[PDB]
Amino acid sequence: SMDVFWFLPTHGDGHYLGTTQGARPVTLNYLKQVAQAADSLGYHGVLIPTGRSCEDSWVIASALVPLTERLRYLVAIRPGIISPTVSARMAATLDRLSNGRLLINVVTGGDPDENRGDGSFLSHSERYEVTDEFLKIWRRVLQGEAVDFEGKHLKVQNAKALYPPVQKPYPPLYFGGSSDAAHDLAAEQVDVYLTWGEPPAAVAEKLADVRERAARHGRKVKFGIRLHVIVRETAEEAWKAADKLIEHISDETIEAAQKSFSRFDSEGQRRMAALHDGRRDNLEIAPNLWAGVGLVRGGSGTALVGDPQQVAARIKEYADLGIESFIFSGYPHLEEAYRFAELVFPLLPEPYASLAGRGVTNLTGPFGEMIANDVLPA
C-alpha cells in the first residue's frame, strides 16, 4: 500500500528556478489546472505549502475543494498565529464541505524573521511547547468535548466546535520536523511523520528514532517523504533536464538563498542545506538523488532523477524503511504531474499500476488518435 501525493505551487511555478524566464504566475485558473490534473490522474492528494512566500493555504484548499472529486488536500496549520479553537472550526468546516478529504500538516515555522513578522516571538523550544498545547486543544475540540485547558502558552475555557468533522476522530495529522522536540511531538500526537528527501541511510536513522519515541507512548505512527522528481524516458534526458533546471541561476542567487537559510532555526532545513554545501558540484549525493533544488528553494531540496525504472527503485528503497506516503513535485507542476503519472505509476503498486494512462475513468473505444475516420490505433 502506498499514497502518492502531488504538490500545488502556491509560491509560484515555472520551468526554471531562481529566475523569471518561463515563470507562470499563481492564478486560480492555473491552480485549478494542477489540482484537477492530480484529481483525474489518480493522485491520492496534494500538499499545499504555507508561509510568507505562499498564498494562504486555506483559501486555496477551500477554493479547489468543490472543483475536485476525490483529491485530498494536505493543508498546513501554524500554531502560535491562530487560536486552536478557530483552527479546529476551520478544519471542521473544510472537512465537512469536502466529505472527509482534509489532511492536516502541522507546521511550527522555522523562520524567526517570518515568525516575528506574524507577531510570534517564540523560541524554537517555545514554538514546540505552543504546538504541543495547540494540538491537545485541537484534537479534543474536534472530538466533541467542551475543553478547559490552561497551559504555559495557551489557555481556553469552554472551547467547543459545534460542527463535527467527517473523519473520525479528526482529520489526520501530518507533521514534518527533524529536531529533538519535533520527534517528541510526532511520537505523541501526530499520525504521519514527514521527512524531506534525505539519503536513505539518513531517513532510516530518523525513522528509527521516531519509532523508538512513539513506542514510549504506546503509539505507532506512519511515515512519508517529500521529494522532487525529474523522470524522463531515459536517464540521459533526465540529467539534461536536471541541468537545465538550474542553468539560469547566478551565484548571487545561490549565496543569497543560503544566507537566508542560515537565518532559519530549523533542524530539517539545515540538514537539507548540508547536502549540497551551497556548491554546484557533487549534486548527486546518492544514486539518483540530486540536491540541485536546495541551492535556491527552501524546504524540499532534493530530487529523484533518472529513467522510470531508476525512480521506482529509489521509491522502493524508501518504502522498505516503512514509508507509505510520497509527496512528489516537478517543474512545471502541471506537465510533470502527467509525466510522473505516465512513467512511474505503472511501476508502483495498485491502484497506481492500473491508474496509469487511463486515469480515473471507465471509458473504452478508440484509445488514441483515430487513423483517418475508420482505423482504430494499435
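Residue indices: 1-based, along the sequence shown.
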| item | value |
| --- | --- |
| 277-285 set against 80-88, stretch whose average Cα temperature factor tops the other in the entry | 277-285 |
| Mean C-alpha B-factor comparison - 256-264 and 231-239, higher one | 256-264 |
| Residue of maximum C-alpha B factor among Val156, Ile249, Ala181, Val106, per deposited coordinates | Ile249 |
| Among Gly100, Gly224, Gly197, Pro112 - the residue whose C-alpha B-factor is largest in the record | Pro112 |
| Third of the chain's Cα B-factor distribution that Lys206 belongs to, per the entry | lowest |
| Ranked against its chain, the third holding the CA B-factor of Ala353 | highest |
| Third assignment of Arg297 from its chain's C-alpha B-factors | highest |
| CA B-factor placement of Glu129, once the chain's modelled residues are sorted into thirds | middle |
| Entry-reported Cα temperature factor of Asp307, expressed as the chain third it lands in | highest |
